[PDB]
Amino acid sequence: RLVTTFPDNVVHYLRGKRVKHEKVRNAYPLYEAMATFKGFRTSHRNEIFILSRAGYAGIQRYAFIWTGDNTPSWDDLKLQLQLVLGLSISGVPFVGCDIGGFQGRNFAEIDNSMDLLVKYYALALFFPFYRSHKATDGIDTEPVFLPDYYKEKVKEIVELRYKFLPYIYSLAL
Amino acid sequence: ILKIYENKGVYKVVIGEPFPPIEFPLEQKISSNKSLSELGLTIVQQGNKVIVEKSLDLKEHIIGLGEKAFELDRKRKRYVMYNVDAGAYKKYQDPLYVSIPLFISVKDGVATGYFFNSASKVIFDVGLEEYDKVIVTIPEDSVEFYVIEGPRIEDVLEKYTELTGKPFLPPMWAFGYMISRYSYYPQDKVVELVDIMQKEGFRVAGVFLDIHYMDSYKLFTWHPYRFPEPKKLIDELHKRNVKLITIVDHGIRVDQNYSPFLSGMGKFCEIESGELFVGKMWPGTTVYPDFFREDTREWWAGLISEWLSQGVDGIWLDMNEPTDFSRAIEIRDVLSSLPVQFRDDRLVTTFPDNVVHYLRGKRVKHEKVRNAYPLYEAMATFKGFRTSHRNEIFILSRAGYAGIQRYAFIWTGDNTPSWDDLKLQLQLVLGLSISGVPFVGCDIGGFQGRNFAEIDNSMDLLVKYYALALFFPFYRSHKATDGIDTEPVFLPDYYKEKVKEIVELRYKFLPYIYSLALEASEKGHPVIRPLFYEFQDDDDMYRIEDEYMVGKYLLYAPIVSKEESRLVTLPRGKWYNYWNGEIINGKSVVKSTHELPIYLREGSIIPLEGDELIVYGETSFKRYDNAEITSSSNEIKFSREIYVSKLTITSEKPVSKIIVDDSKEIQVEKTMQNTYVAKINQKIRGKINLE
């Protein structure tokens, strides 16, 4: 995976000084989020919403963070919980994961069963960021495409979330 | 150029000047009034390619495409139709062994079929490239496809079957319990095993002989040491009423003293430059028959016929994708030393690109007609049975193309034993079934042995396989060389008894299954069906994949997990619980009450072993022996005199007595809720009344 990072000969200008990318790499997303947040101010937009995949200390000033490209599976339920809680205990409060898992059907070790999907909705019941996201070749995971049995379960879980939204938002404040 | 022909709700669209892999007759070529736009299609011709587009709505369902390791509703995936030796395939792997370029669209409850008659590497991009479109790409400058009107899915399949060919009617023993392995030998061991199986109560219909029976893998030969007395072997099995099916590959060994090689000369596949296509297969250096040629077909039929004359009862065609290993071996020889791990590109096992065939006198590239290869091999093999005046025909094929149903059964190849595979096998056989190939099955217990860690050989999983395929048309146990022995006789009594009861239950339902087979060969209706086939108007049905219908009357929800019970989704209408007698209202979810969750639909007639008969509601049914049975008000009519042993009537209203032909009255007995039994044990002229 390290092959997907910027090469070693890349440089930036931090506070007027020329520095190597490897010395300041992790702060890159922080400064991008900062500039994007500034973009909302420039528009006199009071309701700000920014989602970021990467981050560094301070990223909480400007954005929500979701756990990226997770794989649908029973084990992933426990993994996502460790990921969001680790982020949360580290200063980044607004977090979540892709409900139903991002990965589609590009490899065998993916579990697209509907009862697992229902467990994802239930797992993130109280997560700050509650989003369903799926890859291009993954089955359609919108609740409206589920058999009535499962559709009703997702419907009741989402309604229960909205019922607790006031509490969640107070904690956000 | 663009021509459109119509007739019987089937539009034949011709783009350019097509040269089909096989020609399908049209009994009325009437030029159509409907245009492409009224057909909802867009067509583009480019660099030797034809792209056909159709819109795709959010609620629209796409089914078919044959053997696909994916969910039955095919949306959000780009499929490739190219026969390939899939090896130890896993879910979501594509492509596989069979290529049926047919897909059915169900929009607003109405079904429409689309069949592209090209055996080239056709791409079906179902809402992937463009979320709201189905894009079909045919790698040829010309092509002929058909739009098949429904409106019922069954209506599309009847027309499709009418077009490509009705399934042949196989003998009843072809649906019996088959034992197989890779491989059973020497000949004395084959008989010993059959004896133990029968002695312990297992009714074995036939045994399959894999490649170890041949002499150095040479087709049409017997291993001199393992099978020195083929006649003895054959008579012993027949003496025990057991059929013998022998595997036959497609590779002819390049051997100077091998008869088939010498007699087949002139009829083998060639390469662009004119030499023979010499490759690698089980017998080593090999050449392959060009089955696209009439004469090659006649030559093959002759060898088959001669082979059948020793008393062999069936032919099992394998590796007929067609597969070749020369490329793989070439790579393994050059990089064998290197301590690096190779990638598993299955496409490397297909024929090279420079291979050519002669189709209807014309020289064509293998890549243009590849998928039809197994079809022509099966055709020639079927012709071999005719040449032998053999009425009971049995042919098993691994690969296939549209029309393969005319000549053979298809099994899902080299599956891996695992709990997840239970669900995969169900999608595979149902996909094949909804695509025109009715006689299908999978290797019970899984083919893979112990050549890699991710294989589950637990006995309770094995039992679940037997239970899963309870109603599959093809019921065979097959295992790889290094796999544990999976024959029931080697299981602890606890598990052995369970397999025994499952097999007995299958034989009890054989009459119904065989009647559905007759229906398949006459009307092209599949034997096993996904729920959406009978209830295409209910969107929920397209997400149910661990349940399947056997015919129009029986719903089976096999247990595909370690649980003791499962949730069963019942379609609209009333359903009768086969085991405890409960009748539940459709469009609901209930918990299973038995290990084998079977439910009968209101309006069912099911013939069982030993002339037994189950009737629930009003319907009409044709038994395999031509006897038609009809149930209405309180009357069961028979098209002709037939014997009836035990009659079971399920009814919410009590039944005190039945009357045979207006005179004799038979004692009725309430055995459980909604269940009434009458021990008739006598011939019935024409009717039975209920009171």
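- The name given to chain B in the PDB entry is Alpha-glucosidase, and the organism recorded there is Sulfolobus solfataricus.
- Per the PDB record, the entry is named "Crystal structure of the Sulfolobus solfataricus alpha-glucosidase MalA in complex with beta-octyl-glucopyranoside".
- Quoted verbatim from the Function field of the UniProt record, the comment on chain B reads "Major soluble alpha-glucosidase."
- UniProt, in its Subcellular location section for chain B, records the words "Cytoplasm".

- As annotated in the PDB entry, chain A carries the name Alpha-glucosidase and is attributed to Sulfolobus solfataricus.

1. Here we look at the overall build of chain A
So, point 1. A count of helical and extended segments in chain A gives five helices and six strands.
So, point 2. Element order for chain A, N to C, with α for helix and β for strand: β-β-α-α-β-β-α-β-α-β-α.
So, point 3. Across its three principal directions, the C-alpha atoms of chain A cover 60 × 40 × 30 Å.
So, point 4. Put simply, chain A has 173 residues, and 38% of those count as buried.
So, point 5. Counting only contacts in chain A whose residues sit at least 6 apart along the sequence, the fraction spanning at least 24 positions is 64%.
So, point 6. Accessible surface computed for chain A: about 11,000 Å², of which carbon and sulfur atoms make up 57%.

2. Comments concerning the sheet that holds strand 38 (residues 612-616) of chain B
Residue and element names in this part refer to chain B.
So, point 1. Across the sheet, which stays open at both edges, the 10 strands sit in the order 37-38-42-45-44-43-46-41-40-39 with mixed pairing between neighbours. With one partner strand each, in any of the chains shown, strand 37 (604-608) and strand 39 (619-622) form the two edges of the open sheet. On average, each strand axis in the sheet is inclined to that of its neighbour by 20°, with strand direction left out of account.
So, point 2. As judged from the three bridges shared by strand 40 (residues 628-631) and strand 41 (residues 635-638), these two strands associate in the antiparallel manner. Across the sheet, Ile 629 pairs through a bridge with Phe 638, a residue of strand 41.

3. A few points about the sheet that holds strand 23 (residues 362-365) of chain B
Backbone-to-backbone hydrogen bonds join strands into a sheet, with any given pair of strands oriented parallel or antiparallel.
So, point 1. Taking strand neighbours across the sheet as the criterion, the three strands line up as 18-22-23 (chain B) in an open arrangement whose pairing is antiparallel. Only two strands of the sheet have a single neighbouring strand rather than two, namely strand 18 (270-271) and strand 23 of chain B.

4. Here we look at the pattern of salt bridges
Residue and element names in this part refer to chain B.
So, point 1. Taken as a whole and judged by the stated rule, the model has 59 salt bridges over all chains.
So, point 2. When the shortest N-O distance is used, the salt bridge between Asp 195 and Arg 240 registers 2.5 Å. Taken together, the residues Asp 195 in helix 2 (residues 187-199) and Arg 240 in the loop between helix 3 (230-239) and strand 16 (243-248) connect sequence positions 45 residues apart.
So, point 3. Ionic pairing is found between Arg 203 and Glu 609, a salt bridge with its closest N-O pair at 3.3 Å. Placement of the pair is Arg 203 in the loop between helix 2 and strand 15 (206-209) and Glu 609 in the loop between strand 37 and strand 38, with a sequence separation of 406 residues.
So, point 4. Where salt bridges share partners, they join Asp 85, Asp 318, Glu 321, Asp 344, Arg 346, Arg 398 and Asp 414 into one cluster.

5. Section: the domain arrangement of chain B
Residue and element names in this part refer to chain B.
So, point 1. Domain annotation of chain B identifies domain 1 (1-151), domain 2 (152-527), domain 3 (528-602) and domain 4 (603-691).
So, point 2. Taking only C-alpha atoms into account, the centre of domain 2 sits 40 Å from that of domain 4.
So, point 3. At the interface, 11 residues of domain 2 touch 10 residues of domain 4.
So, point 4. Roughly 1,000 Å² of surface becomes buried between domain 2 and domain 4 when both sides are summed, with 68% attributable to carbon and sulfur atoms.
So, point 5. When the area that domain 2 buries against domain 4 is broken down by residue, the three leading residues are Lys 508, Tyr 512 and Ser 515, summing to 44%.

Cut-off values and rules
- Residues numbered from 1 in each chain as written, not as in the entry; some residues may be left out.
- Chains lettered and ligands numbered in written order.
- Part of a larger assembly, values for the part shown.
- Heavy atoms only, no water.
- UniProt positions renumbered as here; feature names shortened; annotations may be inferred.
- Helix = DSSP H or I, 4+ residues; strand = E, 2+ residues; numbered from the N terminus.
- Buried < 20%, exposed > 50% of the residue type's maximum accessible area, 1.4 Å probe, protein only.
- Contact = heavy atoms within 4.5 Å.
- Areas by Shrake-Rupley, 256 points an atom, 1.4 Å probe, with all protein chains shown as cover.
- Pairing = 2+ DSSP bridges.
- Axes fitted to C-alpha atoms, helices over the stretch in contact; angles between N-to-C directions.
- Salt bridge = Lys/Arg side-chain N within 4 Å of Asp/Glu carboxyl O.
- Domains from an automatic or database assignment.
- Buried area = accessible area lost by both parts, 1.4 Å probe.

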